[PDB]
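Summary of the model geometry
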Protein chains: 2
Amino acid sequence: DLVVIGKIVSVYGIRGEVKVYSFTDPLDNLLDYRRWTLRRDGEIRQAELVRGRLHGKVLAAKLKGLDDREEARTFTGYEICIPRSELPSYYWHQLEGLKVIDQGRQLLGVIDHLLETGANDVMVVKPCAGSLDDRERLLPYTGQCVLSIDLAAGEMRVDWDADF
Amino acid sequence: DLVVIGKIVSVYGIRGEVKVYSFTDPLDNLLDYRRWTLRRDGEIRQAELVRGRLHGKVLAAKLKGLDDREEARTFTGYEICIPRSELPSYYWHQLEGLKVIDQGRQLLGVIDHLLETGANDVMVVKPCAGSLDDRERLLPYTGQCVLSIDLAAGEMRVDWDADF
């Protein structure tokens, strides 16, 4: 009952961080799991996430006791796993009213409501008085799109083309 | 029990087609539903899809008896709905071995297997002898990514940045 939330694919920098693709929704949610079960070719192994951040749409992660680029190379190809049970088992109504802001810092609007679609949920983004324009938009609730959600601040960071 | 599979957002051309965002996975799967239940501001209404196609990541759709741009404008803002029950209620093993080809026609590889992630499933794309390069890739199984799947042909069309 191990599910895969990301994968270590290269190194980042020379002080031992690794480059990681994330499979979580929001994208940055991977950084909320301190205890990484790494698995490669049925070789299992444990790691602790000290800290990390996004660089575009990939992540850089600092693992405890991994302090140079050369040891870090050897982490390439490890799936980052966790027990099924450690997943939540958000509400739609918690996302309503969040300001939606694209990677260029443009305010696209506020989430008015969500739609069930038979695949990913869609967020209906309504323009407001400070919005970039007048257009309603419909964004998929996935990590390719939703990068970060801060409920306390009322903000969401997304990767989305405002022309689209 | 109506779910929303897409939305009519503008007109396309002058012969009465409409421009449609799709919420289906694969993106083009919307074109497989002939009978559209259109809903706007709790005003319900029925439409028949004659034919359509993708233009980039939006669709153009021809509806029966909608034959000029000016009537078509009045369709703007209709959600395209279907009964919950008309959704399938693919197998992972059916996607294995499909050739994965990006919007520029580059062969990224074949799907080796799929991963359960706690959010969208991920496709592990392995390079083969005709692949663009040597790199394994990990693509999200969503409509933002998967545009078209043809099992009989053994091909899948995706929107994905091969540099990523």
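Residues numbered from 1 in each chain as written, not as in the entry; some residues may be left out. Chains lettered and ligands numbered in written order. Heavy atoms only, no water. Residues with missing side-chain atoms left out of burial classes, pairs and counts.

- In the PDB archive, X-ray crystallography is given as the structure determination method for this entry, at a resolution of 2.460 Å.

1. Observations regarding the sheet that holds strand β6 (residues 79–83) of chain A
- The six strands lie next to each other as β1-β2-β5-β4-β3-β6 (chain A), forming a closed barrel whose pairing is antiparallel. Strand-to-strand, the axes of this sheet are offset by a mean angle of 50 degrees, without reference to chain direction. (Pairing = 2+ DSSP bridges. Helix = DSSP H or I, 4+ residues; strand = E, 2+ residues; numbered from the N terminus. Axes fitted to C-alpha atoms, helices over the stretch in contact; angles between N-to-C directions.)

2. Overview of the pattern of salt bridges
- The tally for this structure, following the rule as stated, stands at 14 salt bridges over all chains.
- Among the ionic pairs, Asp133 of chain A bridges to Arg137 of chain A, the shortest N-O distance being 2.9 Å. (Salt bridge = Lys/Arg side-chain N within 4 Å of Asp/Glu carboxyl O.)

3. Some remarks on the packing of aromatic side chains
- Counting across every chain of the model gives six aromatic pairs over all chains.
- By the ring-pair criterion, three or more aromatic residues cluster together here, those being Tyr21 of chain A together with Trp160 and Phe164 of chain B.
- Across the ring face of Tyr78 of chain A, the terminal group of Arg40 of chain A is positioned such that the distance to the ring centre comes to 3.9 Å. (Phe/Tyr/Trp six-rings, centres within 6.5 Å; stacked < 30°, edge-to-face > 60°. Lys NZ or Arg CZ within 6 Å of the ring centre and 35° of its normal.)

4. Points about the sheet that holds strand β9 (residues 122–126) of chain A
All names here are of chain A.
- Reading across the sheet, the six strands line up as β10-β9-β8-β7-β12-β11 and stay open at both edges, with mixed pairing between neighbours. Either end of the sheet is taken by a strand with one partner, and the two such strands are β10 (137–140) and β11 (146–150). Geometrically, the sheet is characterised by an average inter-axis angle of 35 degrees between neighbouring strands, direction not taken into account.
- Pairing between strand β7 (residues 99–102) and strand β12 (residues 155–158): four bridges, direction parallel. If you follow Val100 over to β12, its bridge partner there is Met156.

5. Considerations on the relation of the copies chain A and chain B
- Mapping chain A onto chain B calls for a rotation angle of 180 degrees and an axial translation of 0.0 Å; the resulting RMSD is 0.0 Å. Both chain copies can therefore be described as sitting about a two-fold axis.
- Comparing interface residues between copies, 100% of those in chain A also lie at the interface in chain B; the contact surface is shared. (Least-squares fit on C-alpha atoms. Contact = heavy atoms within 4.5 Å.)

6. Brief notes about the environment of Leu108 of chain A
Residues and elements named next belong to chain A.
- Within the secondary structure, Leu108 is located in strand β8 (residues 107–115).
- Since its relative accessible area comes to 0%, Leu108 is described here as buried.
- Spatially, the C-alpha atoms of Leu108 and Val158 are 9.6 Å apart, while their sequence positions differ by 50 residues.
- Ignoring anything within four residues of it in the chain, the contact list for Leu108 reads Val100, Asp102, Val125, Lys126, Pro127, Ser131, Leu132, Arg137, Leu139, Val158 and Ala162. (Buried < 20%, exposed > 50% of the residue type's maximum accessible area, 1.4 Å probe, protein only.)

7. So, the interface of chain A and chain B
- Taken residue by residue, the interface counts 28 residues in chain A and 28 residues in chain B.
- Listing elements by their share of the side of chain A that touches chain B, those giving two or more residues are β1 (2–12) and β10 of chain A.
- Sort the elements by how many residues they give to the side of chain A that touches chain B and β1 of chain A lands first, with four residues.
- Counted by class, the side of chain A that touches chain B contains 15 nonpolar, five polar and eight charged residues. (Nonpolar A, V, L, I, M, F, W, Y, C, P; charged D, E, K, R; others polar.)

8. Re the domain arrangement of chain A
Residues and elements named next belong to chain A.
- Each assigned domain of chain A is listed here: domain 1 (1–89) and domain 2 (90–164).
- Look at where the C-alpha atoms of domain 1 and domain 2 centre, and you get two points 27 Å apart.
- The interface of domain 1 with domain 2 comprises eight residues on the first partner and eleven residues on the second.
- Across the domain 1/domain 2 interface, buried area totals approximately 680 Å², and carbon plus sulfur atoms make up 49% of it.
- For the domain 1 face of the interface with domain 2, the top three residues by lost area are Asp25, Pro26 and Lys57, together amounting to 66%. (Domains from an automatic or database assignment. Buried area = accessible area lost by both parts, 1.4 Å probe.)

9. Some words on the pairing of strand β8 (residues 107–115) of chain B
Residue and element names in this part refer to chain B.
- Strand direction decides the pairing type here: strand β7 (residues 99–102) and β8, joined by three bridges, are antiparallel. Across the sheet, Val100 pairs through a bridge with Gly109, a residue of β8.
- What sits between β7 and β8 in their antiparallel hairpin is a turn of four residues, with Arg105 showing a positive phi close to 85 degrees.
- Note: β8 against strand β9 (residues 122–126), five bridges, orientation antiparallel. Looking at the pairing, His113 lines up with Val124 of β9.
- Between β8 and the antiparallel strand that follows it, β9, lie six residues; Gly118 among them carries a positive phi value of about 80 degrees.

10. Regarding unusual backbone geometry
All names here are of chain A.
- Put simply, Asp25 and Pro26 share a cis peptide bond, and its omega is -5 degrees.
- With respect to the secondary-structure elements, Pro26 resides in the loop between β2 (17–22) and β3 (35–40).
- Phi angles above zero are rare outside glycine, and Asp41 is one such case at about 45 degrees.
- By the secondary structure assignment, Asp41 is in the loop between β3 and β4 (43–55).

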